[PDB]
file run-v9.tsv (TSV, N, CA and C atoms and all ligand atoms)
chain	number	residue	atom	x	y	z
Y	894	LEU	N	106.60	80.99	46.30
Y	894	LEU	CA	105.39	81.60	46.83
Y	894	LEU	C	105.70	82.98	47.38
Y	895	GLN	N	105.04	84.00	46.83
Y	895	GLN	CA	105.25	85.37	47.28
Y	895	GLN	C	104.70	85.55	48.69
Y	896	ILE	N	105.44	86.28	49.51
Y	896	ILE	CA	105.06	86.53	50.90
Y	896	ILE	C	105.80	87.77	51.40
Y	897	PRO	N	105.13	88.69	52.11
Y	897	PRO	CA	105.84	89.85	52.66
Y	897	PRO	C	106.96	89.45	53.60
Y	898	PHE	N	108.07	90.19	53.57
Y	898	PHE	CA	109.23	89.89	54.39
Y	898	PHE	C	108.94	90.05	55.89
Y	899	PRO	N	108.19	91.08	56.32
Y	899	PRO	CA	107.78	91.10	57.73
Y	899	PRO	C	107.00	89.87	58.15
Y	900	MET	N	106.00	89.46	57.36
Y	900	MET	CA	105.26	88.25	57.69
Y	900	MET	C	106.15	87.01	57.57
Y	901	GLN	N	107.12	87.03	56.65
Y	901	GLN	CA	108.05	85.92	56.54
Y	901	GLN	C	108.87	85.74	57.81
Y	902	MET	N	109.46	86.82	58.32
Y	902	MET	CA	110.19	86.75	59.58
Y	902	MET	C	109.28	86.50	60.78
Y	903	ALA	N	108.02	86.92	60.71
Y	903	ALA	CA	107.07	86.58	61.77
Y	903	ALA	C	106.80	85.09	61.81
Y	904	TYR	N	106.70	84.46	60.63
Y	904	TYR	CA	106.55	83.01	60.57
Y	904	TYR	C	107.85	82.28	60.86
Y	905	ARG	N	109.00	82.94	60.71
Y	905	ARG	CA	110.28	82.37	61.10
Y	905	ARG	C	110.50	82.41	62.61
Y	906	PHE	N	109.78	83.27	63.33
Y	906	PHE	CA	109.86	83.29	64.78
Y	906	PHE	C	109.10	82.13	65.41
Y	907	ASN	N	108.10	81.58	64.72
Y	907	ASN	CA	107.35	80.45	65.25
Y	907	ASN	C	108.09	79.15	64.99
Y	908	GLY	N	109.37	79.11	65.34
Y	908	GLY	CA	110.16	77.90	65.26
Y	908	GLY	C	111.00	77.74	66.51
Y	909	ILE	N	111.04	78.79	67.32
Y	909	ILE	CA	111.84	78.81	68.54
Y	909	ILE	C	111.00	79.17	69.76
Y	910	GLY	N	109.68	79.26	69.60
Y	910	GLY	CA	108.81	79.57	70.71
Y	910	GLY	C	108.26	80.99	70.69
Y	911	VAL	N	109.01	81.91	70.09
Y	911	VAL	CA	108.56	83.30	70.03
Y	911	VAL	C	107.37	83.42	69.10
Y	912	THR	N	106.35	84.16	69.54
Y	912	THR	CA	105.14	84.33	68.76
Y	912	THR	C	105.31	85.49	67.78
Y	913	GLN	N	104.23	85.80	67.06
Y	913	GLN	CA	104.26	86.86	66.06
Y	913	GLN	C	104.04	88.24	66.64
Y	914	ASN	N	103.44	88.33	67.83
Y	914	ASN	CA	103.17	89.64	68.43
Y	914	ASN	C	104.46	90.38	68.73
Y	915	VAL	N	105.51	89.65	69.11
Y	915	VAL	CA	106.79	90.29	69.41
Y	915	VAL	C	107.33	91.01	68.18
Y	916	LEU	N	107.36	90.31	67.05
Y	916	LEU	CA	107.90	90.88	65.82
Y	916	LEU	C	106.99	91.99	65.29
Y	917	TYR	N	105.67	91.82	65.43
Y	917	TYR	CA	104.73	92.82	64.96
Y	917	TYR	C	104.65	94.05	65.84
Y	918	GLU	N	105.11	93.99	67.08
Y	918	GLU	CA	105.16	95.15	67.95
Y	918	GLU	C	106.55	95.78	68.04
Y	919	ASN	N	107.60	95.05	67.66
Y	919	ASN	CA	108.94	95.61	67.67
Y	919	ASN	C	109.58	95.47	66.29
Y	920	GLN	N	108.79	95.71	65.24
Y	920	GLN	CA	109.30	95.58	63.88
Y	920	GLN	C	110.39	96.60	63.60
Y	921	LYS	N	110.18	97.85	64.04
Y	921	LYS	CA	111.19	98.88	63.83
Y	921	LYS	C	112.47	98.56	64.58
Y	922	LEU	N	112.35	98.05	65.81
Y	922	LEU	CA	113.54	97.69	66.58
Y	922	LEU	C	114.29	96.54	65.92
Y	923	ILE	N	113.57	95.52	65.45
Y	923	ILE	CA	114.22	94.42	64.75
Y	923	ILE	C	114.90	94.88	63.48
Y	924	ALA	N	114.25	95.77	62.71
Y	924	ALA	CA	114.84	96.29	61.48
Y	924	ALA	C	116.11	97.08	61.78
Y	925	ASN	N	116.06	97.93	62.81
Y	925	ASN	CA	117.24	98.70	63.19
Y	925	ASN	C	118.38	97.80	63.65
Y	926	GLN	N	118.09	96.77	64.45
Y	926	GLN	CA	119.14	95.86	64.88
Y	926	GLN	C	119.73	95.09	63.70
Y	927	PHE	N	118.89	94.65	62.76
Y	927	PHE	CA	119.40	93.93	61.60
Y	927	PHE	C	120.27	94.83	60.73
Y	928	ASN	N	119.85	96.08	60.53
Y	928	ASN	CA	120.65	97.01	59.74
Y	928	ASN	C	121.97	97.31	60.43
Y	929	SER	N	121.95	97.48	61.76
Y	929	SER	CA	123.18	97.73	62.49
Y	929	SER	C	124.13	96.53	62.40
Y	930	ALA	N	123.58	95.32	62.46
Y	930	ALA	CA	124.42	94.13	62.35
Y	930	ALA	C	125.02	94.02	60.95
Y	931	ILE	N	124.22	94.27	59.92
Y	931	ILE	CA	124.72	94.23	58.55
Y	931	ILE	C	125.82	95.27	58.35
Y	932	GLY	N	125.64	96.47	58.91
Y	932	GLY	CA	126.66	97.50	58.82
Y	932	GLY	C	127.93	97.14	59.56
Y	933	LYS	N	127.80	96.54	60.74
Y	933	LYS	CA	128.97	96.16	61.52
Y	933	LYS	C	129.69	94.96	60.92
Y	934	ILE	N	129.00	94.19	60.07
Y	934	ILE	CA	129.66	93.06	59.41
Y	934	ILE	C	130.86	93.53	58.60
Y	935	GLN	N	130.68	94.59	57.80
Y	935	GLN	CA	131.77	95.10	56.98
Y	935	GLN	C	132.90	95.66	57.83
Y	936	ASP	N	132.55	96.30	58.95
Y	936	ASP	CA	133.57	96.86	59.83
Y	936	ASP	C	134.37	95.76	60.52
Y	937	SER	N	133.73	94.63	60.75
Y	937	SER	CA	134.38	93.51	61.42
Y	937	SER	C	134.75	92.49	60.41
Y	938	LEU	N	135.14	92.93	59.24
Y	938	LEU	CA	135.63	92.01	58.23
Y	938	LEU	C	136.69	92.89	57.65
Y	939	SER	N	136.69	94.15	58.09
Y	939	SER	CA	137.63	95.11	57.50
Y	939	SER	C	139.07	94.66	57.67
Y	940	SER	N	139.56	94.61	58.91
Y	940	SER	CA	140.93	94.18	59.15
Y	940	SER	C	141.02	92.67	59.26
Y	941	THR	N	140.43	92.11	60.33
Y	941	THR	CA	140.26	90.68	60.60
Y	941	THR	C	141.43	89.85	60.10
Y	942	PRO	N	142.59	89.89	60.78
Y	942	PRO	CA	143.77	89.15	60.30
Y	942	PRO	C	143.51	87.68	59.98
Y	943	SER	N	142.48	87.10	60.59
Y	943	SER	CA	142.10	85.71	60.34
Y	943	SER	C	140.73	85.57	59.68
W	1092	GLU	N	97.68	79.75	63.90
W	1092	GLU	CA	98.35	78.77	63.05
W	1092	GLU	C	97.85	78.90	61.61
W	1093	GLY	N	97.83	80.13	61.11
W	1093	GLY	CA	97.36	80.36	59.76
W	1093	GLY	C	97.80	81.72	59.25
W	1094	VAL	N	97.25	82.08	58.09
W	1094	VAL	CA	97.52	83.36	57.45
W	1094	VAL	C	96.19	83.98	57.05
W	1095	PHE	N	96.08	85.30	57.19
W	1095	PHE	CA	94.87	86.03	56.86
W	1095	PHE	C	94.87	86.38	55.37
W	1096	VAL	N	93.92	85.83	54.63
W	1096	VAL	CA	93.77	86.10	53.21
W	1096	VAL	C	92.42	86.78	52.98
W	1097	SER	N	92.26	87.33	51.78
W	1097	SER	CA	91.03	88.02	51.42
W	1097	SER	C	90.79	87.83	49.93
W	1098	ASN	N	89.62	87.31	49.58
W	1098	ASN	CA	89.27	87.11	48.17
W	1098	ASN	C	88.72	88.36	47.51
W	1099	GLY	N	88.85	89.53	48.14
W	1099	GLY	CA	88.38	90.78	47.58
W	1099	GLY	C	87.39	91.51	48.46
W	1100	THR	N	86.49	90.80	49.13
W	1100	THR	CA	85.48	91.44	49.96
W	1100	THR	C	85.29	90.82	51.33
W	1101	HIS	N	85.89	89.66	51.62
W	1101	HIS	CA	85.76	89.03	52.92
W	1101	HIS	C	87.10	88.42	53.32
W	1102	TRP	N	87.47	88.59	54.58
W	1102	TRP	CA	88.72	88.06	55.10
W	1102	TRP	C	88.50	86.69	55.72
W	1103	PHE	N	89.53	85.85	55.64
W	1103	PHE	CA	89.48	84.50	56.17
W	1103	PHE	C	90.82	84.16	56.81
W	1104	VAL	N	90.98	82.90	57.20
W	1104	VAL	CA	92.21	82.40	57.79
W	1104	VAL	C	92.47	81.01	57.24
W	1105	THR	N	93.63	80.81	56.62
W	1105	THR	CA	93.98	79.55	55.98
W	1105	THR	C	95.37	79.12	56.44
W	1106	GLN	N	95.57	77.80	56.53
W	1106	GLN	CA	96.90	77.27	56.78
W	1106	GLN	C	97.79	77.53	55.57
W	1107	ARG	N	99.07	77.77	55.82
W	1107	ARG	CA	99.98	78.17	54.75
W	1107	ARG	C	100.65	76.98	54.08
W	1108	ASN	N	99.89	75.95	53.73
W	1108	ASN	CA	100.38	74.88	52.87
W	1108	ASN	C	99.28	74.43	51.92
W	1109	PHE	N	98.08	74.99	52.09
W	1109	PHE	CA	96.90	74.58	51.34
W	1109	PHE	C	95.76	75.56	51.58
W	1110	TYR	N	95.04	75.92	50.52
W	1110	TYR	CA	93.94	76.88	50.65
W	1110	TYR	C	92.72	76.23	51.29
W	1111	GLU	N	92.35	76.70	52.48
W	1111	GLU	CA	91.17	76.21	53.19
W	1111	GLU	C	90.53	77.39	53.91
W	1112	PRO	N	89.60	78.08	53.26
W	1112	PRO	CA	89.02	79.29	53.86
W	1112	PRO	C	88.14	78.96	55.06
W	1113	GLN	N	88.38	79.68	56.15
W	1113	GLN	CA	87.59	79.54	57.37
W	1113	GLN	C	87.31	80.92	57.94
W	1114	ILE	N	86.17	81.05	58.60
W	1114	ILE	CA	85.78	82.32	59.20
W	1114	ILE	C	86.70	82.63	60.38
W	1115	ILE	N	86.98	83.92	60.57
W	1115	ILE	CA	87.87	84.38	61.63
W	1115	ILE	C	87.08	84.37	62.93
W	1116	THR	N	87.26	83.32	63.73
W	1116	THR	CA	86.60	83.18	65.01
W	1116	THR	C	87.57	83.49	66.14
W	1117	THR	N	87.08	83.34	67.38
W	1117	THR	CA	87.90	83.56	68.57
W	1117	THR	C	88.66	82.31	68.99
W	1118	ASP	N	88.74	81.30	68.12
W	1118	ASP	CA	89.47	80.08	68.41
W	1118	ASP	C	90.78	79.95	67.65
W	1119	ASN	N	90.88	80.52	66.45
W	1119	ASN	CA	92.10	80.48	65.66
W	1119	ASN	C	92.89	81.78	65.75
W	1120	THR	N	92.49	82.67	66.67
W	1120	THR	CA	93.18	83.94	66.86
W	1120	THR	C	93.42	84.15	68.35
W	1121	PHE	N	94.46	84.91	68.66
W	1121	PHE	CA	94.80	85.25	70.04
W	1121	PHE	C	94.99	86.76	70.14
W	1122	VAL	N	94.47	87.35	71.21
W	1122	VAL	CA	94.53	88.80	71.38
W	1122	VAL	C	95.81	89.18	72.12
W	1123	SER	N	96.55	90.13	71.55
W	1123	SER	CA	97.77	90.62	72.18
W	1123	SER	C	98.09	92.04	71.75
W	1124	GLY	N	97.78	93.01	72.60
W	1124	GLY	CA	98.10	94.41	72.34
W	1124	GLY	C	96.92	95.16	71.76
W	1125	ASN	N	97.20	96.40	71.38
W	1125	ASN	CA	96.22	97.30	70.79
W	1125	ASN	C	96.57	97.58	69.33
W	1126	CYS	N	95.63	98.21	68.63
W	1126	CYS	CA	95.75	98.42	67.19
W	1126	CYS	C	96.40	99.78	66.92
W	1127	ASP	N	97.56	100.03	67.52
W	1127	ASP	CA	98.30	101.25	67.22
W	1127	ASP	C	99.77	100.95	66.95
W	1128	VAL	N	100.33	99.97	67.65
W	1128	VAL	CA	101.75	99.66	67.53
W	1128	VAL	C	101.99	98.83	66.26
W	1129	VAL	N	101.00	98.01	65.89
W	1129	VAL	CA	101.16	97.18	64.71
W	1129	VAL	C	101.08	98.05	63.45
W	1130	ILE	N	101.85	97.65	62.43
W	1130	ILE	CA	101.91	98.36	61.16
W	1130	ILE	C	101.30	97.44	60.11
W	1131	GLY	N	100.12	97.80	59.61
W	1131	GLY	CA	99.43	96.99	58.62
W	1131	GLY	C	98.10	96.48	59.11
W	1132	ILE	N	97.52	97.18	60.10
W	1132	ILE	CA	96.25	96.74	60.66
W	1132	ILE	C	95.12	97.01	59.67
W	1133	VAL	N	94.08	96.17	59.75
W	1133	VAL	CA	92.91	96.28	58.89
W	1133	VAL	C	91.68	96.08	59.76
W	1134	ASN	N	90.64	96.89	59.54
W	1134	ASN	CA	89.43	96.77	60.33
W	1134	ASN	C	88.56	95.63	59.81
W	1135	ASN	N	88.10	94.79	60.74
W	1135	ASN	CA	87.22	93.68	60.40
W	1135	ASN	C	86.43	93.25	61.63
W	1136	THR	N	85.74	92.11	61.55
W	1136	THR	CA	84.96	91.61	62.67
W	1136	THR	C	85.43	90.20	63.01
W	1137	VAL	N	85.44	89.89	64.30
W	1137	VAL	CA	85.81	88.56	64.77
W	1137	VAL	C	84.57	87.86	65.30
W	1138	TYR	N	83.96	87.02	64.47
W	1138	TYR	CA	82.72	86.34	64.85
W	1138	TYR	C	82.98	85.33	65.96
W	1139	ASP	N	82.43	85.61	67.13
W	1139	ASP	CA	82.50	84.68	68.25
W	1139	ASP	C	81.22	83.85	68.28
W	1140	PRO	N	81.29	82.59	68.73
W	1140	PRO	CA	80.08	81.76	68.76
W	1140	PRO	C	79.26	81.94	70.04
W	1141	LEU	N	79.90	82.43	71.09
W	1141	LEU	CA	79.30	82.51	72.42
W	1141	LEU	C	78.05	83.38	72.44
W	1142	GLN	N	78.16	84.61	71.93
W	1142	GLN	CA	77.03	85.54	71.93
W	1142	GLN	C	75.87	85.02	71.08
W	1143	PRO	N	76.10	84.49	69.86
W	1143	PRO	CA	74.98	83.90	69.10
W	1143	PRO	C	74.34	82.72	69.81
W	1144	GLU	N	75.15	81.77	70.28
W	1144	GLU	CA	74.58	80.58	70.92
W	1144	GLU	C	73.94	80.90	72.26
W	1145	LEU	N	74.25	82.05	72.85
W	1145	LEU	CA	73.62	82.43	74.11
W	1145	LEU	C	72.19	82.91	73.90
W	1146	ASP	N	71.90	83.46	72.72
W	1146	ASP	CA	70.57	83.96	72.41
W	1146	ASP	C	69.57	82.81	72.31
W	1147	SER	N	68.60	82.77	73.22
W	1147	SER	CA	67.60	81.72	73.22
W	1147	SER	C	66.28	82.22	73.81
Y	1201	LIG	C1	84.53	85.94	48.60
Y	1201	LIG	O1	84.08	84.86	49.43
Y	1201	LIG	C2	82.80	85.10	50.04
Y	1201	LIG	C3	82.52	83.92	50.94
Y	1201	LIG	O2	81.66	84.28	52.02
Y	1201	LIG	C4	81.74	85.29	48.96
Y	1201	LIG	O3	80.49	85.60	49.57
Y	1201	LIG	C5	82.15	86.41	48.01
Y	1201	LIG	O4	81.22	86.50	46.94
Y	1201	LIG	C6	83.54	86.16	47.46
Y	1201	LIG	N1	83.97	87.26	46.61
Y	1201	LIG	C7	84.69	87.09	45.50
Y	1201	LIG	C8	85.04	88.34	44.75
Y	1201	LIG	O5	85.05	85.98	45.12
Y	1202	LIG	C1	89.60	101.55	61.46
Y	1202	LIG	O1	88.64	102.19	62.32
Y	1202	LIG	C2	89.20	103.24	63.12
Y	1202	LIG	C3	88.10	103.73	64.03
Y	1202	LIG	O2	86.92	102.95	63.89
Y	1202	LIG	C4	89.76	104.34	62.22
Y	1202	LIG	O3	90.37	105.34	63.02
Y	1202	LIG	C5	90.78	103.75	61.25
Y	1202	LIG	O4	91.20	104.75	60.33
Y	1202	LIG	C6	90.18	102.57	60.49
Y	1202	LIG	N1	91.17	101.96	59.62
Y	1202	LIG	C7	90.88	101.46	58.42
Y	1202	LIG	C8	92.03	100.87	57.66
Y	1202	LIG	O5	89.74	101.48	57.96

call {"tool": "encode", "arguments": {"input": "run-v9.tsv", "output": "structure tokens"}}
result
Amino acid sequence: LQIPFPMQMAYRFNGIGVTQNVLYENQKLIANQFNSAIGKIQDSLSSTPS
Amino acid sequence: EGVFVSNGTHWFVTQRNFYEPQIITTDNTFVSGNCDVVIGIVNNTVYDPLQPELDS
């Protein structure tokens, strides 16, 4: 079933108590945090002796 | 507890497991914030029952 990714994550927030207004008012902040985490994943997998 | 769909000329609200069109009232929606911070806003009307049923 096709569904927009913002609305998908908004419906994924209604599983832990958080409503959709949070995601719909801080969509840019959530996107920036997700991109920063994805970017830091490679940096923290770079050396990682274990 | 639904999703806003539109058959081309009128918007409705349906549960996301089965198509059941219902009018957008003040019972299946909650107000939070203004129409500037949200990205993807659409102009429409929210039919409330109070004002119609008050007319007598
Ligand atoms: C959409 O649904 C409304 C129901 O009120 C109906 O009046 C209208 O003709 C429908 N339009 C289309 C394109 O199906
Ligand atoms: C909705 O209405 C406001 C003012 O009535 C207008 O500024 C805005 O552009 C409208 N948006 C759409 C999508 O029609």

call {"tool": "interface_residues", "arguments": {"input": "run-v9.tsv", "of": "chain Y", "to": "chain W", "cutoff": "7 Å", "atoms": "all atoms listed in the file", "output": "number ranges by chain"}}
result
Y: 914, 917-919

call {"tool": "residues_around", "arguments": {"input": "run-v9.tsv", "residues": "residue 894 of chain Y", "least_positions_apart": "5", "cutoff": "12 Å", "atoms": "only C-alpha atoms", "output": "count of residues only"}}
result
4

call {"tool": "select_by_dssp", "arguments": {"input": "run-v9.tsv", "residues": "chain W", "states": "alpha helix (DSSP H)", "output": "list in words"}}
result
residues 1141, 1142, 1143, 1144 and 1145 of chain W

call {"tool": "axis_aligned_box", "arguments": {"input": "run-v9.tsv", "around": "ligand LIG 1202 (chain Y)", "padding_each_side": "5 Å", "output": "AutoDock Vina command-line options"}}
result
--center_x 89.5 --center_y 103.1 --center_z 60.8 --size_x 15.1 --size_y 14.5 --size_z 16.4

call {"tool": "residues_near_ligand", "arguments": {"input": "run-v9.tsv", "ligand": "ligand LIG 1202 (chain Y)", "cutoff": "7 Å", "atoms": "only C-alpha atoms and all ligand atoms", "output": "MDAnalysis selection string"}}
result
chainID W and resid 1132:1134

call {"tool": "atom_distance", "arguments": {"input": "run-v9.tsv", "atom1": "atom CA of residue 1114 of chain W", "atom2": "atom CA of residue 908 of chain Y"}}
result
25.5 Å

call {"tool": "closest_atom_pairs", "arguments": {"input": "run-v9.tsv", "of": "chain W", "to": "ligand LIG 1201 (chain Y)", "cutoff": "6.5 Å", "atoms": "all atoms listed in the file", "output": "Markdown table"}}
result
| residue | atom | partner | partner_atom | distance |
| --- | --- | --- | --- | --- |
| W:1098 | C | Y:LIG1201 | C8 | 4.6 |
| W:1099 | CA | Y:LIG1201 | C8 | 5.0 |
| W:1100 | N | Y:LIG1201 | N1 | 5.0 |
| W:1101 | N | Y:LIG1201 | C1 | 5.0 |

call {"tool": "atom_distance", "arguments": {"input": "run-v9.tsv", "atom1": "atom C of residue 1116 of chain W", "atom2": "atom C of residue 1142 of chain W"}}
result
12.8 Å

call {"tool": "residues_around", "arguments": {"input": "run-v9.tsv", "residues": "residue 1104 of chain W", "least_positions_apart": "4", "cutoff": "5 Å", "atoms": "only N, CA and C atoms", "output": "list in words"}}
result
residues 1094, 1095, 1096 and 1113 of chain W

call {"tool": "residues_around", "arguments": {"input": "run-v9.tsv", "residues": "residue 1115 of chain W", "least_positions_apart": "3", "cutoff": "8 Å", "atoms": "only N, CA and C atoms", "output": "PyMOL selection string"}}
result
chain W and resi 1102-1104+1112+1118-1120+1136-1139

call {"tool": "atom_distance", "arguments": {"input": "run-v9.tsv", "atom1": "atom C of residue 904 of chain Y", "atom2": "atom CA of residue 1097 of chain W"}}
result
20.1 Å

call {"tool": "select_by_dssp", "arguments": {"input": "run-v9.tsv", "residues": "chain W", "states": "strand (DSSP E or B)", "output": "list in words"}}
result
residues 1094, 1095, 1096, 1097, 1102, 1103, 1104 and 1105 of chain W

call {"tool": "decode", "arguments": {"input": "run-v9.tsv", "residues": "chain W", "atoms": "C-alpha atoms", "output": "PDB file, in the first residue's frame"}}
result
ATOM      1  CA  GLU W1092      -7.627   7.636  14.279  1.00  0.00           C
ATOM      2  CA  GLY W1093      -7.825   7.840  10.503  1.00  0.00           C
ATOM      3  CA  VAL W1094      -6.382   9.182   7.266  1.00  0.00           C
ATOM      4  CA  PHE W1095      -7.625  12.090   5.149  1.00  0.00           C
ATOM      5  CA  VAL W1096      -8.570  10.945   1.641  1.00  0.00           C
ATOM      6  CA  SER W1097     -10.205  12.756  -1.270  1.00  0.00           C
ATOM      7  CA  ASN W1098     -12.174  11.246  -4.150  1.00  0.00           C
ATOM      8  CA  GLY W1099     -11.392  14.295  -6.319  1.00  0.00           C
ATOM      9  CA  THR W1100     -13.740  17.004  -5.027  1.00  0.00           C
ATOM     10  CA  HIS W1101     -14.531  16.259  -1.349  1.00  0.00           C
ATOM     11  CA  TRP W1102     -12.285  15.314   1.567  1.00  0.00           C
ATOM     12  CA  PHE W1103     -13.146  12.619   4.100  1.00  0.00           C
ATOM     13  CA  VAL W1104     -11.582  10.595   6.920  1.00  0.00           C
ATOM     14  CA  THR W1105     -11.206   6.804   6.789  1.00  0.00           C
ATOM     15  CA  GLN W1106      -9.562   4.192   8.981  1.00  0.00           C
ATOM     16  CA  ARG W1107      -6.384   2.832   7.408  1.00  0.00           C
ATOM     17  CA  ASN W1108      -7.437  -0.818   7.120  1.00  0.00           C
ATOM     18  CA  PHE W1109     -10.696  -0.407   5.186  1.00  0.00           C
ATOM     19  CA  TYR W1110     -12.372   2.285   3.079  1.00  0.00           C
ATOM     20  CA  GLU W1111     -15.175   3.939   5.081  1.00  0.00           C
ATOM     21  CA  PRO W1112     -15.788   7.549   4.029  1.00  0.00           C
ATOM     22  CA  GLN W1113     -16.991   9.865   6.785  1.00  0.00           C
ATOM     23  CA  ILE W1114     -17.430  13.629   6.963  1.00  0.00           C
ATOM     24  CA  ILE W1115     -14.661  15.567   8.717  1.00  0.00           C
ATOM     25  CA  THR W1116     -16.344  16.599  11.976  1.00  0.00           C
ATOM     26  CA  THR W1117     -15.022  17.991  15.268  1.00  0.00           C
ATOM     27  CA  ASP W1118     -15.103  14.501  16.826  1.00  0.00           C
ATOM     28  CA  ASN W1119     -12.541  12.586  14.714  1.00  0.00           C
ATOM     29  CA  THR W1120     -10.083  15.502  14.617  1.00  0.00           C
ATOM     30  CA  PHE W1121      -8.065  17.362  17.248  1.00  0.00           C
ATOM     31  CA  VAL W1122      -6.784  20.928  16.976  1.00  0.00           C
ATOM     32  CA  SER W1123      -3.082  21.513  17.600  1.00  0.00           C
ATOM     33  CA  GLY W1124      -1.159  24.522  16.288  1.00  0.00           C
ATOM     34  CA  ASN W1125      -1.597  26.891  13.372  1.00  0.00           C
ATOM     35  CA  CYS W1126      -1.524  26.378   9.607  1.00  0.00           C
ATOM     36  CA  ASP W1127       1.992  27.697   9.005  1.00  0.00           C
ATOM     37  CA  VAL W1128       4.420  25.218  10.586  1.00  0.00           C
ATOM     38  CA  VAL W1129       2.828  22.186   8.937  1.00  0.00           C
ATOM     39  CA  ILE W1130       4.031  21.271   5.435  1.00  0.00           C
ATOM     40  CA  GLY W1131       1.216  19.990   3.230  1.00  0.00           C
ATOM     41  CA  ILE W1132      -1.775  21.920   4.535  1.00  0.00           C
ATOM     42  CA  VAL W1133      -4.979  22.041   2.479  1.00  0.00           C
ATOM     43  CA  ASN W1134      -7.918  24.416   2.898  1.00  0.00           C
ATOM     44  CA  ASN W1135     -11.241  22.790   3.765  1.00  0.00           C
ATOM     45  CA  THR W1136     -14.178  22.994   6.186  1.00  0.00           C
ATOM     46  CA  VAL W1137     -14.735  21.142   9.460  1.00  0.00           C
ATOM     47  CA  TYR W1138     -18.475  20.569   9.810  1.00  0.00           C
ATOM     48  CA  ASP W1139     -19.409  20.827  13.480  1.00  0.00           C
ATOM     49  CA  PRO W1140     -22.855  19.626  14.634  1.00  0.00           C
ATOM     50  CA  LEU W1141     -23.244  22.159  17.455  1.00  0.00           C
ATOM     51  CA  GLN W1142     -23.987  25.260  15.363  1.00  0.00           C
ATOM     52  CA  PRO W1143     -26.527  23.466  13.089  1.00  0.00           C
ATOM     53  CA  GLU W1144     -28.326  21.742  15.965  1.00  0.00           C
ATOM     54  CA  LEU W1145     -28.414  25.029  17.901  1.00  0.00           C
ATOM     55  CA  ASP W1146     -30.501  26.682  15.169  1.00  0.00           C
ATOM     56  CA  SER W1147     -34.151  26.370  16.209  1.00  0.00           C
TER      57      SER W1147
END
